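Worksheet for the structure shown next.
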Amino acid sequence: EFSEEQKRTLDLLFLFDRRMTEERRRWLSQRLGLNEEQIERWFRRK
Amino acid sequence: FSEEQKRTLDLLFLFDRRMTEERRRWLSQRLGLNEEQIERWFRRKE
Amino acid sequence: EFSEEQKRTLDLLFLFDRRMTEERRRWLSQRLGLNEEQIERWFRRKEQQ
Amino acid sequence: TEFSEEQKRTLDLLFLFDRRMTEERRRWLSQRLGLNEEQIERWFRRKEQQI
Ligand SMILES: [K+]
Ligand SMILES: [K+]
Ligand SMILES: [K+]
Ligand SMILES: [K+]
């Protein structure tokens with residue numbers, strides 16, 4: 002179903018998306034003055 | 003938490019949900035698969 | 002200076018940052034009620050400042 | 001003026017967000033392609049003025 006090059010591209014964007022979501026939590030915590038426990042509890046609710 | 007923080011949070015939730023949709027289109031165009039076929043892969047990658 | 006399985010990775014994210022910047026502009030116009038030509042050059046004219 | 005305060009308050013936010021994600025993307029690439037943050041940023045500055 003998925004080629005080796007198509008799965009290679011998806012696996013790159015998945016890891017990249019995972020990293021950006023982590024850093025946003027680090028960035029929002031620093032900026033909004035919150036702990037990473039809360040903001041991730043926020044984004045998981047919605 | 004502050005009523006100016008749900009601002010920064012509700013925006014980036016709407017911002018990121020819009021980018022996820024558009025990532026799925028761009029991937030459907032660059033790779034050749036449909037969007038369901040892409041959205042299913044990202045989901046099963048958890 | 003680079004590689005062939007390192008340039009693709011850089012090429013992919015460049016086309017991806019390219020697409021995400023366009024759509025953001027479209028999404029901001031829809032939301033802030035501005036046009037895409039205002040947005041496009043308010044942004045990255047802030048690297049001017 | 002041309003831009004609203006309630007609009008500029010969104011535009012400023014996403015500029016800092018994008019600027020921060022661009023930093024971390026470079027690092028994430030500098031720690032995955034073996035190259036460095038002046039190599040990676042050079043490549044992106046090159047393709048930017050068309051390649
Ligand atoms: K839910
Ligand atoms: K396309
Ligand atoms: K399923
Ligand atoms: K890593």
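Residue numbers (the deposited numbering), protein chains in the order written: chain D, 2 to 47; chain C, 3 to 48; chain B, 2 to 50; chain A, 1 to 51.
For each residue, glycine too, the CB sits at the ideal point set by N, CA and C.
Could you tell me the alpha carbon to alpha carbon distance between residue 14 of chain B and residue 3 of chain C, rounded to whole angstroms? 35 angstroms
Is it true that the CB of residue 16 of chain A sits closer than 9 angstroms to the CB of residue 32 of chain D? yes
Answer with buried or exposed for residue 40 of chain C, where buried requires no fewer than 16 other C-beta atoms within 10 angstroms of its C-beta. buried
Would you check if the distance between the CB atom of residue 11 of chain A and the CB atom of residue 11 of chain B is smaller than 9 angstroms? no
Quick check on the burial criterion: 16 or more other C-beta atoms within 10 angstroms. Buried or exposed for residue 25 of chain D? Of the other Cβ atoms in all chains shown, 16 or more fall within 10 Å of the Cβ of residue 25 of chain D; this residue is therefore buried.
Less than 8 angstroms separating the Cβ of residue 32 of chain A from some heavy atom of ligand 4? yes
Residues in the region 11-45 of chain C having any Cβ partner in chain A nearer than 9 angstroms: 13, 14, 17
Identify which residue in B/23, B/45, B/35 has its Cα closest to the Cα of residue 6 of chain A. B/35
Looking at residue 43 of chain B and ligand 2, is the gap between the Cβ and the nearest heavy atom below 8 angstroms? no
Roughly how many angstroms lie between the CA atoms of residue 47 of chain A and residue 21 of chain A, to the nearest whole one? 18 angstroms
Can you grab the Cα-Cα spacing for the pair residue 75 of chain A / residue 37 of chain A, in whole Å? The structure shown does not extend to residue 75 of chain A, since chain A is modelled only from 1 to 51, so the question has no answer here.
Using the C-alpha atoms, what's the distance from residue 50 of chain B back to residue 1 of chain A? 18 angstroms
Three-state secondary structure assigned by DSSP to residue 49 of chain B: Reduced to three states, the DSSP call for residue 49 of chain B is coil.
With a threshold of 9 angstroms between beta carbons, is residue 5 of chain A in contact with chain B? no
Can you tell me whether residue 25 of chain B sits near ligand 3, meaning its C-beta is under 8 angstroms from at least one heavy atom of the ligand? Taking 8 angstroms as the cut-off, the C-beta of residue 25 of chain B does not count as close to any heavy atom of ligand 3.
Distance, Cα to Cα, residue 23 of chain D vs residue 19 of chain B? 22 angstroms
Can you tell me the Cα-Cα spacing of residue 9 of chain A and residue 42 of chain D, whole angstroms? 25 angstroms
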